[PDB]
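Worksheet: one structure, shown below.
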Amino acid sequence: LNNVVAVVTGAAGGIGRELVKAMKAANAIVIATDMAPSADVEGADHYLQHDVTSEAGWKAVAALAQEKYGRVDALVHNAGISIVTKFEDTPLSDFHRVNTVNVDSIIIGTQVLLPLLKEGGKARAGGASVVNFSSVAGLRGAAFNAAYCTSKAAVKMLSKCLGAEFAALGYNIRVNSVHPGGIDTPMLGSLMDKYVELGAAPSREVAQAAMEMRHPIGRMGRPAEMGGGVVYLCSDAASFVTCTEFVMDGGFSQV
Amino acid sequence: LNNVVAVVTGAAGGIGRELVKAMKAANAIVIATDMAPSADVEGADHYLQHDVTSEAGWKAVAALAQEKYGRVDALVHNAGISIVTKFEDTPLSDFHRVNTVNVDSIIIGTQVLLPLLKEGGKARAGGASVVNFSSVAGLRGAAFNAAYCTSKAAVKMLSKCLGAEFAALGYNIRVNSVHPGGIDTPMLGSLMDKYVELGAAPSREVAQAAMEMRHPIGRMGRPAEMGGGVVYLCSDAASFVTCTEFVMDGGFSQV
Amino acid sequence: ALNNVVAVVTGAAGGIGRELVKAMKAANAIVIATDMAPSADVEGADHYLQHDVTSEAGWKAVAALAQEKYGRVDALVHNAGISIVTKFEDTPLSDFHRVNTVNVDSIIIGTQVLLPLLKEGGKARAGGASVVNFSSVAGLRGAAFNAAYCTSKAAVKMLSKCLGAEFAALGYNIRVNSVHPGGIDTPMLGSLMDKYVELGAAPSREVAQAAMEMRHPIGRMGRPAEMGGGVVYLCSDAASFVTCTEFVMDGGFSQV
Amino acid sequence: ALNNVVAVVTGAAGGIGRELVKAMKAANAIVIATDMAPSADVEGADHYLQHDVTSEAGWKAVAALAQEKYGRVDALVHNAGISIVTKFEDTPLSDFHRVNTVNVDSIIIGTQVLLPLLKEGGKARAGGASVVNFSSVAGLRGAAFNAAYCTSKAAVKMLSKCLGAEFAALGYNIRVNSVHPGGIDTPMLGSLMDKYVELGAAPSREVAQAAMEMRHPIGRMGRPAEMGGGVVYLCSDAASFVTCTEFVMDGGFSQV
């Protein structure tokens with residue numbers, strides 16, 4: 001990932017934090033972001049208090065990189081929220097509230113960074129790499145998981161839309177969705193806990209008697225293994241990778 | 001489909017009326033609902049003017065089935081929109097306008113027809129049949145169908161999540177998904193005008209053939225051909241057909 | 001709807017074998033049910049023939065009748081299946097080959113011998129002649145102790161769409177549809193778990209059946225009867241435009 | 001991280017095969033490259049062998065070189081391919097079988113005989129060893145005049161969701177993965193578009209060439225070289241939690 005201007009949202013969460021530091025490990029010129037003021041950022045040159053649900057937010061991202069590097073050669077649409085809760089008890093406003101961050105996190109972003117992710121596509125042979133974080137829960141939907149699965153199913157599909165159309169409009173901006181599994185983040189630290197609140201679990205360790213084993217590979221993911229193809233995608237390695245479904249899920253779904 | 005109190009939104013759609021007709025030879029009690037005040041909706045047995053995202057509107061359709069029968073066996077949504085648009089020029093409103101008529105017509109409407117749906121699986125062994133139309137475009141990427149495909153993707157996914165959640169909470173309601181290709185409808189129609197106005201297809205003759213040749217069946221799907229697959233869905237012959245990418249394309253996808 | 005439809009169903013004296021015939025006759029299309037059984041008590045099945053489905057000499061004899069007796073086939077039904085449950089490391093090469101042979105080659109030879117009698121299907125119903133390839137969720141998804149089995153099914157799976165696409169824009173009118181049945185109750189499936197326990201993967205045959213049923217959101221397995229109308233539908237012309245399809249009748253099992 | 005990783009590589013003299021080699025020694029992993037070709041100057045490759053993959057002999061020709069010289073296999077590769085286009089109704093079952101053993105059996109004795117060293121390959125390495133099989137677009141979506149091919153590449157796809165799932169639930173650390181490439185311009189994929197005239201698929205050769213080009217949302221025909229990158233990933237332990245799943249390098253083809 002040499003001479004590549006990047007950016008990554010949500011990179012102060014479990015997966016987020018690593019993606020920045022293992023993208024300077026990739027030696028890409030990262031810019032980090034998160035909802036928060038400012039704290040400890042490793043590798044990344046610059047940070048922005050960011051919420052992928054804030055249009056004005058995003059501009060600040062464009063105008064920065066604009067001055068800062070004058071191009072954008074990567075984009076990891078990452079920041080997103082996972083929720084588990086009774087459907088005939090969930091409002092429509094909850095349903096949007098998920099999409100807001102997970103789906104319309106991708107769009108307003110990439111619309112704002114569109115003048116930029118142009119320039120970046122041109123100055124590299126492989127292209128401007130665009131990475132959306134869907135899931136396995138966007139591949140296979142889950143029970144009591146209704147609005148969380150429809151999120152990553154759009155984060156599945158929007159990608160195809162973004163690769164093929166951008167290809168259409170000439171641009172060389174590769175787009176590719178991302179499909180993790182039941183990642184060990186403190187988010188999921190209290191999401192099995194929410195399978196409990198819906199009865200399907202006597203205790204927290206009996207729902208944590210499902211997620212690892214729905215994986216053949218037999219264990220909760222770790223937020224380390226996830227950067228490996230993320231750099232890959234962003235780099236002229238995956239030059240010929242568009243529209244794709246990049247899946248790292250312990251063989252969760254195949255089975 | 002004996003003793004089938006069944007609901008058919010957008011019954012004045014190209015596909016709409018022909019499902020209405022093709023459920024009568026099966027001998028079902030149809031309920032035609034649409035945006036129009038009253039037309040000659042051929043086949044139906046009770047007609048409503050029905051805004052498909054109006055919450056209190058699905059309470060006038062839950063009203064009648066409650067009135068006349070006190071059960072809902074089948075639930076078929078249909079009123080589904082497609083914009084053709086330049087992704088970077090697309091309003092988010094208009095992105096927000098499609099998830100609403102389509103994806104968000106399920107989250108509301110089922111809840112209001114849910115009371116009479118848990119009745120269906122008690123009145124019928126083969127259960128209660130909920131059919132959100134998805135489509136091929138909500139399976140696979142299609143540029144300048146940028147705000148249309150993501151929709152039916154969740155329409156693809158939720159179907160799953162609902163159907164799964166209901167069966168996990170021992171409702172006898174199954175939920176499937178129909179995925180028609182470029183169906184000889186006034187929807188497959190004048191969107192080839194949009195393509196044209198985009199200046200994206202040269203002519204409709206071109207546009208016709210691009211949507212003709214992506215099916216190696218050559219023809220683009222007659223609305224009554226989808227009749228069979230709907231019927232099967234509703235029946236107790238489809239009592240093991242839940243949460244399915246049961247297809248009807250003529251060859252748009254698998255190749 | 002099955003009118004005028006001369007059909008060939010294999011594995012007829014099987015479970016899903018018996019039932020397919022029943023429902024097709026219940027729609028009232030001329031079944032020509034076939035199996036390896038020397039003779040078979042099959043409700044309605046207008047015909048019965050000892051037919052080895054790997055054997056060419058087999059489909060020959062199928063075709064003799066279907067020509068002489070109707071001079072066409074309107075619905076070819078490869079239901080003829082075996083299942084092999086075994087560790088890849090221990091699975092002989094030929095075990096792989098015995099399976100594919102019976103479940104893919106079986107299918108291949110007759111869509112080649114009965115292909116003549118299918119081209120008239122191209123003619124006798126505009127709604128094409130209905131090829132009904134029985135894959136499975138093994139054809140859909142993967143499994144431990146089902147190596148050769150799933151691979152075999154996924155050839156069936158794929159062969160279908162090859163035949164959906166070829167037989168189409170060659171003018172031949174023939175739809176090829178792929179049924180992928182989920183857990184279906186037979187002294188086939190009611191004993192395919194034994195093996196996992198025979199291996200020892202599961203302690204008991206109760207537990208063999210446990211996660212079996214629960215791996216479908218619906219929570220149970222399938223009736224032989226609950227595999228009925230899906231063939232009928234494919235063989236019904238309500239779907240003249242429905243080919244290359246994985247017709248998934250598994251109880252959502254795959255999708256979640 | 002392709003360091004202290006002993007590979008094995010088939011279809012070596014093949015055009016992609018060659019790209020795959022360079023792009024893995026310039027990552028500093030320990031190559032054992034294999035092919036049937038009599039003579040091969042396989043750039044990057046530490047060792048070349050003359051190997052028949054429809055042969056446990058050929059496969060135990062590999063095994064000794066990894067037996068004697070090293071003591072493990074960390075990245076076995078199965079890269080051989082035949083790419084037949086045939087009329088379904090002009091494929092003998094033999095021509096069906098020829099495209100089995102080179103394409104599917106090759107992966108079996110590759111993985112039955114090398115299984116010990118795959119295990120030994122999975123002990124020093126974190127997320128484990130990987131088998132990174134080579135299917136094809138054909139192996140996922142369908143296409144005409146690829147009957148025996150698109151199956152053969154489907155019988156890859158699935159075999160490996162079998163093999164992925166069977167080893168992990170065996171307490172080995174020996175991952176199994178697959179790629180499905182799109183249109184890669186090679187002499188391997190060379191004048192095969194002539195066939196799409198000898199039958200009559202599209203008028204000429206260069207509009208058959210651009211007919212293949214058309215489909216691709218990416219717009220262009222890939223390169224042999226491009227595969228290697230998405231092969232250099234899967235093998236490394238930074239692609240540890242990638243198993244059973246179908247890593248895709250097609251250029252958008254499948255996705256629209």
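To be explicit about the labels: the chains of the structure tokens are called A, B, and onward in the order shown, and within each one the residues are counted from 1, while ligands get numbers from 1 in the order they are shown.
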(message) At a cut-off of 8 Å, which residues of chain A touch chain D? Count only C-alpha atoms and give the answer as a ChimeraX atom specification.
(response) /A:160,163-164,167-168,216-218,221,225-229,232,237-251,253-255
Suppose we keep C-alpha atoms; can you now write the selection as a PDB file, in the first residue's frame?
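Dumped to selection_18.pdb:
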ATOM      1  CA  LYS A 160     -22.199  -3.958  -6.425  1.00  0.00           C
ATOM      2  CA  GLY A 163     -18.421  -0.764  -8.468  1.00  0.00           C
ATOM      3  CA  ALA A 164     -20.430  -1.387 -11.634  1.00  0.00           C
ATOM      4  CA  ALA A 167     -17.026   1.480 -13.824  1.00  0.00           C
ATOM      5  CA  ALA A 168     -19.764   2.693 -16.137  1.00  0.00           C
ATOM      6  CA  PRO A 216     -17.031 -24.552  11.931  1.00  0.00           C
ATOM      7  CA  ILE A 217     -13.734 -22.831  12.735  1.00  0.00           C
ATOM      8  CA  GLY A 218     -15.244 -22.939  16.256  1.00  0.00           C
ATOM      9  CA  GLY A 221     -13.435 -13.891  15.533  1.00  0.00           C
ATOM     10  CA  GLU A 225      -7.527 -11.087  11.162  1.00  0.00           C
ATOM     11  CA  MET A 226      -9.816  -8.495   9.551  1.00  0.00           C
ATOM     12  CA  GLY A 227      -7.185  -5.985   8.357  1.00  0.00           C
ATOM     13  CA  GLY A 228      -5.469  -8.630   6.192  1.00  0.00           C
ATOM     14  CA  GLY A 229      -7.725  -8.404   3.143  1.00  0.00           C
ATOM     15  CA  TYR A 232      -5.335  -6.153   0.112  1.00  0.00           C
ATOM     16  CA  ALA A 237      -3.254  -6.399  -5.405  1.00  0.00           C
ATOM     17  CA  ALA A 238      -7.041  -6.432  -5.671  1.00  0.00           C
ATOM     18  CA  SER A 239      -6.736  -4.334  -8.861  1.00  0.00           C
ATOM     19  CA  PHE A 240      -9.219  -6.700 -10.475  1.00  0.00           C
ATOM     20  CA  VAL A 241     -11.549  -6.826  -7.488  1.00  0.00           C
ATOM     21  CA  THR A 242     -14.825  -4.966  -7.954  1.00  0.00           C
ATOM     22  CA  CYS A 243     -18.462  -5.497  -6.914  1.00  0.00           C
ATOM     23  CA  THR A 244     -17.128  -8.395  -4.851  1.00  0.00           C
ATOM     24  CA  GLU A 245     -18.248 -10.101  -1.652  1.00  0.00           C
ATOM     25  CA  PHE A 246     -15.070 -10.357   0.399  1.00  0.00           C
ATOM     26  CA  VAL A 247     -15.921 -12.901   3.090  1.00  0.00           C
ATOM     27  CA  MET A 248     -13.904 -13.749   6.204  1.00  0.00           C
ATOM     28  CA  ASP A 249     -16.343 -15.608   8.470  1.00  0.00           C
ATOM     29  CA  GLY A 250     -14.721 -18.894   9.571  1.00  0.00           C
ATOM     30  CA  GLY A 251     -16.905 -20.731   7.002  1.00  0.00           C
ATOM     31  CA  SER A 253     -22.253 -19.209   5.886  1.00  0.00           C
ATOM     32  CA  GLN A 254     -21.012 -21.855   3.431  1.00  0.00           C
ATOM     33  CA  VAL A 255     -22.355 -24.502   5.803  1.00  0.00           C
TER      34      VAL A 255
END
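Secondary structure of stretch 175-216 of chain B, helix (DSSP H, G or I) only (DSSP, backbone atoms): residues 191, 192, 193, 194, 195, 196, 197, 204, 205, 206, 207, 208, 209, 210, 211, 212 and 213 of chain B.
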Export of the given selection (N, CA, C and O atoms) as a short mmCIF file (atom, residue, chain, number, x, y, z; two decimals), in the first residue's frame:
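Result went into out-v2.cif, see below:
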data_model
loop_
_atom_site.label_atom_id
_atom_site.label_comp_id
_atom_site.auth_asym_id
_atom_site.auth_seq_id
_atom_site.Cartn_x
_atom_site.Cartn_y
_atom_site.Cartn_z
N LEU B 191 -38.65 2.96 -17.73
CA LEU B 191 -37.34 3.08 -17.13
C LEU B 191 -36.26 2.91 -18.19
O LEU B 191 -35.13 3.38 -17.98
N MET B 192 -36.62 2.21 -19.29
CA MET B 192 -35.79 2.22 -20.50
C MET B 192 -35.87 3.58 -21.17
O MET B 192 -35.09 3.80 -22.06
N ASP B 193 -36.81 4.44 -20.75
CA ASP B 193 -36.83 5.83 -21.12
C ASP B 193 -35.81 6.63 -20.30
O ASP B 193 -35.06 7.45 -20.84
N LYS B 194 -35.77 6.38 -18.97
CA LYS B 194 -34.77 6.95 -18.10
C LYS B 194 -33.37 6.63 -18.60
O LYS B 194 -32.65 7.53 -18.93
N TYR B 195 -33.01 5.35 -18.76
CA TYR B 195 -31.78 4.93 -19.37
C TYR B 195 -31.47 5.83 -20.58
O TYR B 195 -30.34 6.24 -20.80
N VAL B 196 -32.52 6.06 -21.40
CA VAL B 196 -32.43 6.77 -22.66
C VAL B 196 -32.14 8.24 -22.40
O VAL B 196 -31.31 8.80 -23.09
N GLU B 197 -32.90 8.82 -21.48
CA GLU B 197 -32.78 10.23 -21.09
C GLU B 197 -31.44 10.49 -20.41
O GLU B 197 -30.84 11.58 -20.61
N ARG B 204 -34.37 2.31 -27.13
CA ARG B 204 -35.11 1.27 -26.43
C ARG B 204 -34.83 -0.10 -27.07
O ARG B 204 -34.67 -1.09 -26.34
N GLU B 205 -34.70 -0.09 -28.41
CA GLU B 205 -34.36 -1.30 -29.15
C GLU B 205 -33.06 -1.93 -28.59
O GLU B 205 -33.00 -3.17 -28.42
N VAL B 206 -32.12 -1.02 -28.26
CA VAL B 206 -30.88 -1.43 -27.63
C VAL B 206 -31.24 -1.89 -26.22
O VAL B 206 -31.07 -3.07 -25.87
N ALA B 207 -31.90 -0.99 -25.47
CA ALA B 207 -32.21 -1.21 -24.07
C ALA B 207 -33.03 -2.49 -23.86
O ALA B 207 -32.83 -3.31 -22.96
N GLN B 208 -33.91 -2.71 -24.84
CA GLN B 208 -34.74 -3.91 -24.87
C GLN B 208 -33.83 -5.13 -24.87
O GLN B 208 -34.00 -6.01 -24.07
N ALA B 209 -32.83 -5.11 -25.75
CA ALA B 209 -32.02 -6.27 -26.08
C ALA B 209 -31.03 -6.55 -24.96
O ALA B 209 -30.75 -7.72 -24.66
N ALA B 210 -30.57 -5.49 -24.29
CA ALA B 210 -29.65 -5.68 -23.17
C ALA B 210 -30.38 -6.41 -22.04
O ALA B 210 -29.78 -7.19 -21.34
N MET B 211 -31.65 -6.09 -21.84
CA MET B 211 -32.49 -6.75 -20.86
C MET B 211 -33.14 -7.99 -21.44
O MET B 211 -33.88 -8.64 -20.73
N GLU B 212 -32.98 -8.25 -22.74
CA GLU B 212 -33.47 -9.43 -23.43
C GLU B 212 -32.35 -10.47 -23.44
O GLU B 212 -32.70 -11.66 -23.46
N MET B 213 -31.09 -10.03 -23.58
CA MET B 213 -29.98 -10.96 -23.80
C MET B 213 -29.39 -11.42 -22.49
O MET B 213 -28.75 -12.46 -22.48
#
(message) Using Å and a single decimal, report how far atom CA of residue B:98 sits from atom CA of residue B:183.
(response) 19.1 Å
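Least-squares superposition puts chain B on chain A with a C-alpha RMSD of 0.9 Å, counting every Cα pair in order.
Computed from the coordinates, the atom CA of residue B:41 to atom CA of residue B:63 distance equals 19.9 Å.
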Please build the interface table for chain B against chain A with a cut-off of 6 Å, listing for each qualifying residue the nearest atom pair and the distance in Å to one decimal; count only C-alpha atoms, order rows by chain and increasing number, and write it as JSON lines.
{"residue": "B:88", "atom": "CA", "partner": "A:111", "partner_atom": "CA", "distance": 5.8}
{"residue": "B:141", "atom": "CA", "partner": "A:160", "partner_atom": "CA", "distance": 4.5}
{"residue": "B:142", "atom": "CA", "partner": "A:161", "partner_atom": "CA", "distance": 5.8}
{"residue": "B:143", "atom": "CA", "partner": "A:165", "partner_atom": "CA", "distance": 4.1}
{"residue": "B:146", "atom": "CA", "partner": "A:161", "partner_atom": "CA", "distance": 5.5}
{"residue": "B:150", "atom": "CA", "partner": "A:154", "partner_atom": "CA", "distance": 4.9}
{"residue": "B:153", "atom": "CA", "partner": "A:153", "partner_atom": "CA", "distance": 5.8}
{"residue": "B:154", "atom": "CA", "partner": "A:150", "partner_atom": "CA", "distance": 4.5}
{"residue": "B:157", "atom": "CA", "partner": "A:150", "partner_atom": "CA", "distance": 5.5}
{"residue": "B:158", "atom": "CA", "partner": "A:150", "partner_atom": "CA", "distance": 5.9}
{"residue": "B:161", "atom": "CA", "partner": "A:146", "partner_atom": "CA", "distance": 4.9}
{"residue": "B:164", "atom": "CA", "partner": "A:143", "partner_atom": "CA", "distance": 5.5}
{"residue": "B:165", "atom": "CA", "partner": "A:143", "partner_atom": "CA", "distance": 4.4}
(request) Report as a ChimeraX atom specification the set of chain C residues whose atoms approach chain D to within 8 Å, with distances computed over only C-alpha atoms. (result) /C:87-89,93,105,108-109,112,139,141-148,150-152,154-156,158-159,161-163,165-166
(message) Residues within 7 Å of stretch 17-29 of chain B, please, as a ChimeraX atom specification. Count only C-alpha atoms; anything in the same chain fewer than 5 positions from it doesn't count.
(response) /B:1-6,11-12,41-45,223-224,227,231
(request) Skip residue C:49 itself and residues of its chain fewer than 3 positions away, then list as a PyMOL selection string all residues within 12 Å of it, counting only C-alpha atoms. (result) chain C and resi 8-13+31-42+45-46+52-53+58-66
Restrict the selected residues to N, CA, C and O atoms and save them as a tab-separated table (two decimals), in the first residue's frame.
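selection-v8.tsv, written as the output of this step:
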chain	number	residue	atom	x	y	z
C	8	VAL	N	-41.15	-38.97	-16.88
C	8	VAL	CA	-40.28	-40.06	-16.42
C	8	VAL	C	-39.70	-39.74	-15.03
C	8	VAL	O	-38.83	-38.87	-14.91
C	9	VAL	N	-40.16	-40.46	-14.00
C	9	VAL	CA	-39.68	-40.27	-12.63
C	9	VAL	C	-38.83	-41.47	-12.21
C	9	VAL	O	-39.29	-42.60	-12.23
C	10	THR	N	-37.60	-41.17	-11.77
C	10	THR	CA	-36.71	-42.20	-11.25
C	10	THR	C	-36.89	-42.32	-9.75
C	10	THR	O	-37.55	-41.52	-9.12
C	11	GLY	N	-36.26	-43.33	-9.19
C	11	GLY	CA	-36.30	-43.61	-7.75
C	11	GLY	C	-37.72	-43.73	-7.20
C	11	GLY	O	-37.93	-43.43	-6.06
C	12	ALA	N	-38.66	-44.19	-8.01
C	12	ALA	CA	-40.08	-44.11	-7.74
C	12	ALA	C	-40.48	-44.87	-6.46
C	12	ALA	O	-41.25	-44.35	-5.64
C	13	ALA	N	-39.85	-46.05	-6.28
C	13	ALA	CA	-40.17	-46.88	-5.12
C	13	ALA	C	-39.41	-46.39	-3.91
C	13	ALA	O	-39.57	-46.93	-2.84
C	31	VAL	N	-47.39	-40.40	-15.62
C	31	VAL	CA	-46.14	-40.75	-14.99
C	31	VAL	C	-45.61	-41.93	-15.77
C	31	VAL	O	-46.36	-42.73	-16.35
C	32	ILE	N	-44.26	-42.06	-15.86
C	32	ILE	CA	-43.61	-43.30	-16.21
C	32	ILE	C	-42.56	-43.51	-15.15
C	32	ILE	O	-41.40	-43.24	-15.35
C	33	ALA	N	-42.99	-43.90	-13.97
C	33	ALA	CA	-42.12	-44.03	-12.79
C	33	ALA	C	-41.09	-45.17	-12.98
C	33	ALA	O	-41.43	-46.18	-13.62
C	34	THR	N	-39.83	-44.92	-12.56
C	34	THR	CA	-38.74	-45.86	-12.80
C	34	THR	C	-37.88	-46.01	-11.55
C	34	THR	O	-37.73	-45.05	-10.81
C	35	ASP	N	-37.36	-47.21	-11.32
C	35	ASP	CA	-36.45	-47.50	-10.22
C	35	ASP	C	-35.66	-48.79	-10.49
C	35	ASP	O	-35.99	-49.51	-11.39
C	36	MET	N	-34.60	-48.99	-9.67
C	36	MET	CA	-33.77	-50.18	-9.69
C	36	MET	C	-34.48	-51.43	-9.15
C	36	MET	O	-34.02	-52.58	-9.36
C	37	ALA	N	-35.63	-51.17	-8.47
C	37	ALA	CA	-36.49	-52.24	-8.00
C	37	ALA	C	-36.92	-53.13	-9.17
C	37	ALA	O	-37.46	-52.67	-10.12
C	38	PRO	N	-36.69	-54.45	-9.11
C	38	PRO	CA	-37.20	-55.42	-10.07
C	38	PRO	C	-38.69	-55.35	-10.40
C	38	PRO	O	-39.04	-55.55	-11.58
C	39	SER	N	-39.55	-54.95	-9.44
C	39	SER	CA	-40.91	-54.46	-9.73
C	39	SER	C	-41.39	-53.65	-8.53
C	39	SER	O	-41.03	-53.98	-7.38
C	40	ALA	N	-42.24	-52.60	-8.77
C	40	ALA	CA	-42.54	-51.64	-7.73
C	40	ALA	C	-44.02	-51.25	-7.63
C	40	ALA	O	-44.59	-50.75	-8.60
C	41	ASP	N	-44.54	-51.37	-6.39
C	41	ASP	CA	-45.91	-51.01	-6.03
C	41	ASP	C	-46.08	-49.50	-5.80
C	41	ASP	O	-45.82	-48.99	-4.67
C	42	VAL	N	-46.35	-48.76	-6.90
C	42	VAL	CA	-46.25	-47.30	-6.81
C	42	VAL	C	-47.57	-46.71	-7.22
C	42	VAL	O	-47.83	-46.73	-8.36
C	45	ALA	N	-48.63	-44.50	-10.92
C	45	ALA	CA	-47.56	-44.69	-11.88
C	45	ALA	C	-47.96	-45.55	-13.03
C	45	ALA	O	-47.96	-46.80	-12.90
C	46	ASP	N	-48.29	-44.84	-14.12
C	46	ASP	CA	-48.92	-45.56	-15.24
C	46	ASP	C	-48.05	-46.66	-15.79
C	46	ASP	O	-48.53	-47.55	-16.39
C	52	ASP	N	-31.69	-49.31	-14.18
C	52	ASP	CA	-30.47	-48.85	-13.53
C	52	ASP	C	-30.15	-47.50	-14.18
C	52	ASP	O	-30.01	-47.42	-15.41
C	53	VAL	N	-30.09	-46.45	-13.33
C	53	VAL	CA	-30.11	-45.06	-13.79
C	53	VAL	C	-28.71	-44.63	-14.20
C	53	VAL	O	-28.63	-43.60	-14.86
C	58	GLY	N	-30.24	-48.87	-19.64
C	58	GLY	CA	-31.36	-48.48	-18.84
C	58	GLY	C	-32.22	-47.55	-19.67
C	58	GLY	O	-33.27	-47.94	-20.13
C	59	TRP	N	-31.73	-46.32	-19.84
C	59	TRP	CA	-32.50	-45.19	-20.38
C	59	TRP	C	-33.02	-45.45	-21.78
C	59	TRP	O	-34.10	-45.09	-22.12
C	60	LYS	N	-32.21	-46.19	-22.55
C	60	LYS	CA	-32.69	-46.96	-23.71
C	60	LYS	C	-34.12	-47.46	-23.47
C	60	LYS	O	-35.06	-46.88	-23.96
C	61	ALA	N	-34.27	-48.46	-22.61
C	61	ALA	CA	-35.51	-49.14	-22.28
C	61	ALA	C	-36.56	-48.18	-21.76
C	61	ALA	O	-37.76	-48.33	-22.05
C	62	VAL	N	-36.13	-47.15	-20.99
C	62	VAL	CA	-37.04	-46.10	-20.58
C	62	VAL	C	-37.63	-45.62	-21.90
C	62	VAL	O	-38.85	-45.62	-22.06
C	63	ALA	N	-36.73	-45.19	-22.81
C	63	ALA	CA	-37.09	-44.44	-23.99
C	63	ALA	C	-37.98	-45.24	-24.93
C	63	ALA	O	-38.88	-44.69	-25.55
C	64	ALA	N	-37.72	-46.55	-25.03
C	64	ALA	CA	-38.50	-47.46	-25.84
C	64	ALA	C	-39.97	-47.17	-25.60
C	64	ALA	O	-40.66	-46.67	-26.47
C	65	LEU	N	-40.41	-47.40	-24.36
C	65	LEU	CA	-41.78	-47.10	-23.93
C	65	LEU	C	-42.18	-45.68	-24.26
C	65	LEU	O	-42.99	-45.53	-25.16
C	66	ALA	N	-41.46	-44.68	-23.75
C	66	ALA	CA	-41.79	-43.27	-23.87
C	66	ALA	C	-41.97	-42.81	-25.33
C	66	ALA	O	-42.78	-41.94	-25.61
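Each of D:190, D:224, D:122, D:110 was checked against residue D:55 using only C-alpha atoms; the smallest atom-to-atom distance is that of D:110.
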(request) Name the residues in contact with residue B:187 at a cut-off of 10 Å, using only C-alpha atoms, excluding same-chain residues fewer than 4 positions from it; report them as a VMD selection string. (result) chain B and resid 13 to 15 80 to 83 182 to 183 191 to 192
(request) Please return as a count of residues only: the residues of stretch 32-249 of chain D that backbone DSSP assigns to strand (DSSP E). (result) 28
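One distance worth recording is that between atom CA of residue B:129 and atom CA of residue B:71, which is 12.1 Å.
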(message) Which residues are close to residue B:136, i.e. within 7 Å by only C-alpha atoms, leaving aside same-chain residues fewer than 6 positions away? Reply as a PyMOL selection string.
(response) chain B and resi 179-181
Those selected residues, please, written with C-alpha atoms and delivered as an mmCIF file, in the first residue's frame.
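Everything below was put into result_30.cif:
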data_model
loop_
_atom_site.group_PDB
_atom_site.id
_atom_site.type_symbol
_atom_site.label_atom_id
_atom_site.label_comp_id
_atom_site.auth_asym_id
_atom_site.auth_seq_id
_atom_site.Cartn_x
_atom_site.Cartn_y
_atom_site.Cartn_z
ATOM 1 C CA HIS B 179 -37.616 -12.307 -7.628
ATOM 2 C CA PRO B 180 -39.076 -11.615 -11.139
ATOM 3 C CA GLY B 181 -36.623 -10.396 -13.792
#
